[PDB]
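Each remark here refers to the structure printed beneath this line.
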Amino acid sequence: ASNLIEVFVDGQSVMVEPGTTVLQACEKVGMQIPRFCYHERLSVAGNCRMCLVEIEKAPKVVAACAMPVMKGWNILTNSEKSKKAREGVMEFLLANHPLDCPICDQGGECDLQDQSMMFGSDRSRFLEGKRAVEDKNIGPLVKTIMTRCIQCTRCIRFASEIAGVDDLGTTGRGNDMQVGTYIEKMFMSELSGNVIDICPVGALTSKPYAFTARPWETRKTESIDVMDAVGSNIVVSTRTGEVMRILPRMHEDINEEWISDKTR
Amino acid sequence: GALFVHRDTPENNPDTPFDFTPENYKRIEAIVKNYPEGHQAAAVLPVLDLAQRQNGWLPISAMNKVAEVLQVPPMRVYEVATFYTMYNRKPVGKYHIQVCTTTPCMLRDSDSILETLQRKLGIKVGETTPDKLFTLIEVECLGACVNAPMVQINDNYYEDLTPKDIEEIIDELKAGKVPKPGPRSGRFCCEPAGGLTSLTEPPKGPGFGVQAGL
Amino acid sequence: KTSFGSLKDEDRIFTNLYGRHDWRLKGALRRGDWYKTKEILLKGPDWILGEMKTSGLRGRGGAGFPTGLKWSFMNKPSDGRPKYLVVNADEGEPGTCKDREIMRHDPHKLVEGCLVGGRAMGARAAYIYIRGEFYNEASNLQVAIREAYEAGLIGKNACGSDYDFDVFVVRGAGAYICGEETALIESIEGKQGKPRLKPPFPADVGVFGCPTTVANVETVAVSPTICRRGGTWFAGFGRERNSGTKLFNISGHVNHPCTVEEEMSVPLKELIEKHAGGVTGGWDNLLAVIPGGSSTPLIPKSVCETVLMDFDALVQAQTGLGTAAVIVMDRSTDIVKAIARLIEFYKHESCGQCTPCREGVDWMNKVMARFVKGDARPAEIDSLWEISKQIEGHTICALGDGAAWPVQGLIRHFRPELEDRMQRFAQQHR
Amino acid sequence: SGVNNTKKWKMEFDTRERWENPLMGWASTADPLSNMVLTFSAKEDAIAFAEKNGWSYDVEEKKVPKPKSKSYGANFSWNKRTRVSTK
Amino acid sequence: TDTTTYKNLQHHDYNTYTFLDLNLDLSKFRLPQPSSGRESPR
Ligand SMILES: Cc1cc2nc3c(=O)[nH]c(=O)nc-3n(C[C@H](O)[C@H](O)[C@H](O)COP(=O)(O)O)c2cc1C
Ligand code: SF4
Ligand code: SF4
Ligand code: SF4
Ligand code: FES
Ligand code: FES
Ligand SMILES: [K+]
Numbered sequence: 005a006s007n008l009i010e011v012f013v014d015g016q017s018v019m020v021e022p023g024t025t026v027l028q029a030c031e032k033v034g035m036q037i038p039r040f041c042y043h044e045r046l047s048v049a050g051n052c053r054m055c056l057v058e059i060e061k062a063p064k065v066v067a068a069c070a071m072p073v074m075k076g077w078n079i080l081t082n083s084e085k086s087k088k089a090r091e092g093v094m095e096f097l098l099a100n101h102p103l104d105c106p107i108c109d110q111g112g113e114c115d116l117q118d119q120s121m122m123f124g125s126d127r128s129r130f131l132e133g134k135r136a137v138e139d140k141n142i143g144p145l146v147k148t149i150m151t152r153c154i155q156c157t158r159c160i161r162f163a164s165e166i167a168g169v170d171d172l173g174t175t176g177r178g179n180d181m182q183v184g185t186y187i188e189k190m191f192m193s194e195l196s197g198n199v200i201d202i203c204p205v206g207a208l209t210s211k212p213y214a215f216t217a218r219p220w221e222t223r224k225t226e227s228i229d230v231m232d233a234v235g236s237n238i239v240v241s242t243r244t245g246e247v248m249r250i251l252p253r254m255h256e257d258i259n260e261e262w263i264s265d266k267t268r
Numbered sequence: 004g005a006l007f008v009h010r011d012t013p014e015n016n017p018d019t020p021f022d023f024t025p026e027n028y029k030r031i032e033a034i035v036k037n038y039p040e041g042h043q044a045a046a047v048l049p050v051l052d053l054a055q056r057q058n059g060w061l062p063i064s065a066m067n068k069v070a071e072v073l074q075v076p077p078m079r080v081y082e083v084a085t086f087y088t089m090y091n092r093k094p095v096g097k098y099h100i101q102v103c104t105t106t107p108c109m110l111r112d113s114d115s116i117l118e119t120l121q122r123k124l125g126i127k128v129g130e131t132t133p134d135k136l137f138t139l140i141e142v143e144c145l146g147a148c149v150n151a152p153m154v155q156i157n158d159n160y161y162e163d164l165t166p167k168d169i170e171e172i173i174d175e176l177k178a179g180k181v182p183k184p185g186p187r188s189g190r191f192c193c194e195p196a197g198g199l200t201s202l203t204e205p206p207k208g209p210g211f212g213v214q215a216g217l
Numbered sequence: 009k010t011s012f013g014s015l016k017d018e019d020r021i022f023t024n025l026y027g028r029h030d031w032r033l034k035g036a037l038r039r040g041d042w043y044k045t046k047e048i049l050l051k052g053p054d055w056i057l058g059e060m061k062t063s064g065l066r067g068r069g070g071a072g073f074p075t076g077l078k079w080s081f082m083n084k085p086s087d088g089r090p091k092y093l094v095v096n097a098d099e100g101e102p103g104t105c106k107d108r109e110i111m112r113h114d115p116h117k118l119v120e121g122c123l124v125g126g127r128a129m130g131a132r133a134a135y136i137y138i139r140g141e142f143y144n145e146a147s148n149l150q151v152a153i154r155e156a157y158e159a160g161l162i163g164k165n166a167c168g169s170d171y172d173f174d175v176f177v178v179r180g181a182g183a184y185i186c187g188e189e190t191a192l193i194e195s196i197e198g199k200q201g202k203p204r205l206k207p208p209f210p211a212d213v214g215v216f217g218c219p220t221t222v223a224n225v226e227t228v229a230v231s232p233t234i235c236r237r238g239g240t241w242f243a244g245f246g247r248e249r250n251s252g253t254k255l256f257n258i259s260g261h262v263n264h265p266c267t268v269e270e271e272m273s274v275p276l277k278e279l280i281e282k283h284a285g286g287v288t289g290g291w292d293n294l295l296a297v298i299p300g301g302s303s304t305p306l307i308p309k310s311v312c313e314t315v316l317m318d319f320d321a322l323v324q325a326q327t328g329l330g331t332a333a334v335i336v337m338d339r340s341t342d343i344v345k346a347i348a349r350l351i352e353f354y355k356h357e358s359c360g361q362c363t364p365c366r367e368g369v370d371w372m373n374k375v376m377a378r379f380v381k382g383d384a385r386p387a388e389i390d391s392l393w394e395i396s397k398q399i400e401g402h403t404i405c406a407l408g409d410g411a412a413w414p415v416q417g418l419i420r421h422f423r424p425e426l427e428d429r430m431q432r433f434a435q436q437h438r
Numbered sequence: 047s048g049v050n051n052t053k054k055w056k057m058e059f060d061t062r063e064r065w066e067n068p069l070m071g072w073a074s075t076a077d078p079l080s081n082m083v084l085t086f087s088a089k090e091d092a093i094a095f096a097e098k099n100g101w102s103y104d105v106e107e108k109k110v111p112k113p114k115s116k117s118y119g120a121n122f123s124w125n126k127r128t129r130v131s132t133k
Numbered sequence: 027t028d029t030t031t032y033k034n035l036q037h038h039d040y041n042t043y044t045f046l047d048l049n050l051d052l053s054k055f056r057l058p059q060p061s062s063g064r065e066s067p068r
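Protein chains in written order, with the authors' numbering: chain 3, 5 to 268; chain 2, 4 to 217; chain 1, 9 to 438; chain Q, 47 to 133; chain s, 27 to 68.
So, in structure tokens, the structure goes:
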């Protein structure tokens, strides 16, 4: 065990490298910690607070997406504290999330809905009025309904790091902090449908794909893109014998998790 | 009240004439030299504050000018300008009265101060007088709580206020004089009223109570 | 010692708290600043860290973490990077004015403390992040820094000790969250005042990605007096593990609201009735006290009868010693309105980076407004308690904790007042 | 972002013709093995089933995500390019 | 040795450029800054 440290997930021992996060150790064991702001190809943000898990003999839950395992830690992923933290965080998200699910392109593809059903509570205590945010016009490709945005900064981190445009960001403070562009700026670079991919809520949707189909009815066909000579692995989403969508496939040696705008 | 979405208007399009004076360029150079090399993006806040102090408010042309001077993204400049509350993204009056309404000032009755300002200026909170001389807003704790109630006019703190005192300050500002900062209740600073409970004796001086071996 | 208080003026550290003497270099030299500091710097970092540890000084910023250990976190050889000391002059927290007073009246104490702490940790520069609303305080600080630079106490020869140190002053732009450690570091770095997670700690990755230490103005300013007079004297003042002097800002419903310097472990009743002139209307007219700024919860008169002003004493009183901001509320106080105003302050000053603080503090503000109006049903009291408990401990920084605590204190103590308001509203509509 | 659907091996069939109904425009088909998807716990189990049922097979290996070095402190570097300009 | 009068009156005659003018005056007294090896993080 040279340059390896032993940690425990639910009592199960596992060797990890130094610098390995709690979430990375948990997925090495085989459990996927809930997440909204963590993306394995984006920088670590640590703001959605959904990856809060309880370490044994530790009074405060830690964020698995950012905290590295130290030594001999027993990560109680399915503990009462972790379940209560997940329930509270989903309650806080859905307090101001808008009731837009039937009119949402993220129908069955919603990480927020699925993680609600899997970890959150089944009812609301929010008796107040929800906030509403005006929409933006960043281009004819990405349709923005920013009321659904949960401010996870995934699009901002993607545009800063991979697209390399530094055009998106958060303007304001507190509950009024809005993701977008401060000026009327048209966000059109290449590799710009991947914000539609990585937006977990249906805030950034595809405008050609707008109101067309549903993920449960779309059939998935794993094919190759021919628009350039990179050969990106893709999924053609076809419903009733008609090509409805193009999505990327995870291939670490060709295109990672993304496809070009022309391809998409 | 304010909206963190820019709308192109003839008075706030990205073509309004803004440029730093040579003195302000020297000040910007001093700030950048204060910060370490390769981290000149840290100078966004002082340069934006200098632009606000030069121009009054902060137009989008001034914000883009700050961005192009510091070689930083204009969206990063917009993020700073929308996050921080002392940056005026709309034109304000000559005197920007900020009345603190946090809990100890409320206990010491800043509500009467706010009501007397509203009746004296003929305006509500958050709006500007038609002569563009006074803007009146509510703010959080300004850091002078033992001198409650208190207001901030531009860079000056007017403390220990009464309705008569704030009316006199408004009259002095309308006449064009300097009302002079500090408390108006007769005490010079945060000291207890009606005498000193501490620091009555003179200070001991240098080399008092120094431990051995120093 | 078993009874604490009655601090002597020969032992008070901030001898020019009230501004009755000259705040410039001549007045500071008369009052005893910059004395034998070259000898202190020559005795070097380990001796100063040991002096701070044996003084047992805790952070005046809020948390109170042991200053000696916190400053000894940077007692490491350099890895090719510079090391920085940062001074938190924000003073955003309500009820607090002590940092403003000592910046505008004893600035050379702050500069000497920056030099002493920077040498004790190993550092080339101290960045004083001042609150943007303190323009005159910042200008006075720059005047004092220019005086020190002209006198040669700072810059390229730290009082002739062959140590290089630079003291910069950087102004904020109106954010209470920029008083936080990591958000202050980000604000200096030029982004928004959004706190960053720990780990990494600022002692490893801090301002511009260097080892750095953010320290309070009061802590920094009492550091060189601790070094000159020894840690044993400072530890002899105060109780065990809560040692030294403290600046208390007494405001609210008192006859003489003021900032005073008092020994730690002083009774709250003794402090108010001695320095503040007592509660307006009397101690029987006193209703509640928020003893450590708005982050700490309230305590009613019954426990204010015999409570002390220690960290441990307020922890036993289910509160904390924050910025030593004693806000006093009498029987005429609308207690629910005061707590809702505090929650509205936290709603306006939350940076919105992380979901529990953002959404839940907005939720608590709305629920507290409806509680002030009486517009709810009494199960919402327990609902608000559960919401506050969900916020507390799940946030990036401690602003979520400092917003959940006043709600918890109000629900814990003044629950029949809430229920009476709510049933009165229900009966006057139905 | 969930990975629970990437745990089990699947066998599907090649896509056949889907045309348009002249009456309603529905997707009409002529092959029965269009919705046939079979679940297996192992690639070798799928191989055995395919060879047992006599179908010609194309097999592609499990694409696992590569382990990544994630460091929150990289966002605030002194000299590396990993320092972010926003949060 | 006076103790009965306020002595912060120097903050009364401060203009809107006093802080930055003092910073510009102070710029000549400071040490050279460290370099990160890059002109910007880009
Ligand atoms: C929301 C928030 C605001 C804070 N504001 C201040 C402030 O204005 N001044 C301050 O000295 N500390 C403030 N603090 C506490 C800092 O964490 C602390 O002062 C800093 O870490 C220095 O530690 P010290 O107390 O040992 O000096 C704040 C903390 C939080 C969570
Ligand atoms: S993003 Fe998800 S939770 Fe929100 S409206 Fe759409 S489907 Fe519903
Ligand atoms: S638009 Fe989507 S990806 Fe961007 S911060 Fe909001 S929820 Fe996250
Ligand atoms: S707790 Fe509040 S103030 Fe602190 S990081 Fe989260 S949103 Fe910002
Ligand atoms: S996934 Fe870790 S806080 Fe968002
Ligand atoms: S509460 Fe008003 S100045 Fe602090
Ligand atoms: K999406």
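For every residue, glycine included, the Cβ atom is placed at its ideal position computed from N, Cα and C.
| said: Tell me the rounded alpha-carbon separation between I93 (chain Q) and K397 (chain 1). | reply: 54 Å
| said: Which of the three DSSP states is assigned to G260 (chain 1) in this structure? | reply: strand
| Within 6 Å of ligand 7: residues by beta-carbon to any heavy atom | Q110 (chain 3), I200 (chain 3), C203 (chain 3), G206 (chain 3), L208 (chain 3), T209 (chain 3)
| message | Taking its Cβ as the centre, do 16 or more other Cβ atoms sit within 10 Å of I107 (chain 3), making it buried, or is it exposed? | response | exposed
| From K123 (chain 2), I100 (chain 2), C148 (chain 2), residue whose alpha carbon lies closest to that of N157 (chain 2) | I100 (chain 2)
| What is the rounded straight-line gap between the Cα of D51 (chain s) and the Cα of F45 (chain s)? | 10 Å
| Is the region 200-208 of chain 2 close to the region 74-83 of chain 1, with three or more CB pairs under 8 Å? | no
| What number of angstroms, rounded off, separates the C-alpha of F256 (chain 1) from the C-alpha of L350 (chain 1)? | 20 Å
| Through-space distance from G72 (chain 1) to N150 (chain 2), alpha-carbon basis | 26 Å
| Are the beta-carbon atoms belonging to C193 (chain 2) and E109 (chain 1) less than 9 Å from one another? | yes
| said: Suppose you measure from the CA of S62 (chain s) to the CA of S131 (chain Q); what does that come to, to the nearest Å? | reply: 16 Å
| message | Which of the three DSSP states is assigned to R247 (chain 1) in this structure? | response | strand
| task | Measure the beta-carbon distance from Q182 (chain 3) to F7 (chain 2) and round it to whole angstroms, keeping in mind my assumption that it falls under 8 Å. | result | 6 Å
| task | List the residues of chain Q whose Cβ lies closer than 8 Å to the Cβ of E82 (chain 2), in chain order. | result | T132
| message | Can you tell me whether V181 (chain 2) is buried or exposed? The criterion is at least 16 other CB atoms within 10 Å of its CB, across all chains shown. | response | exposed
| message | I'd like the ranges of any alpha helix (DSSP H) spanning at least 4 consecutive residues and lying wholly in the region 163-203 of chain 3. | response | 198-202
| field | Burial state of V137 (chain 3) (16 or more Cβ within 10 Å) | value | buried
| task | Report yes if the C-beta of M372 (chain 1) is less than 8 Å from at least one heavy atom of ligand 6; otherwise report no. | result | no
| message | Is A191 (chain 1) near ligand 4 - that is, is its Cβ less than 8 Å away from at least one heavy atom of it? | response | yes
| field | Below-9 Å beta-carbon distance, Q398 (chain 1) vs any chain 2 residue | value | no
| field | Interface residues of the region 62-83 of chain 2 facing chain s [CB-CB below 7 Å] | value | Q74
| query | Can we count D104 (chain 3) as close to ligand 2, meaning its CB is less than 8 Å from some heavy atom? | reply | yes
| request: Examine the Cβ distances between the region 153-166 of chain 1 and the region 94-111 of chain 1 and report whether three or more of them are shorter than 8 Å. | output: no
| Short CB-CB distance (under 9 Å) between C235 (chain 1) and chain 2 | yes
| query | Can you name the start and end residues of the beta strand (DSSP E) that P252 (chain 3) belongs to? | reply | 246-252
| message | At a threshold of 8 Å, does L27 (chain 3) count as lining ligand 5 (C-beta to nearest heavy atom)? | response | yes
| said: Give me the chain 3 residues within the contact set of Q361 (chain 1), using Cβ-Cβ distance strictly less than 7 Å, ordered along the chain. | reply: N51
| query | Taking all protein chains shown into account, do 16 or more other C-beta atoms lie within 10 angstroms of the C-beta of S11 (chain 1), making it buried, or fewer, making it exposed? | reply | exposed
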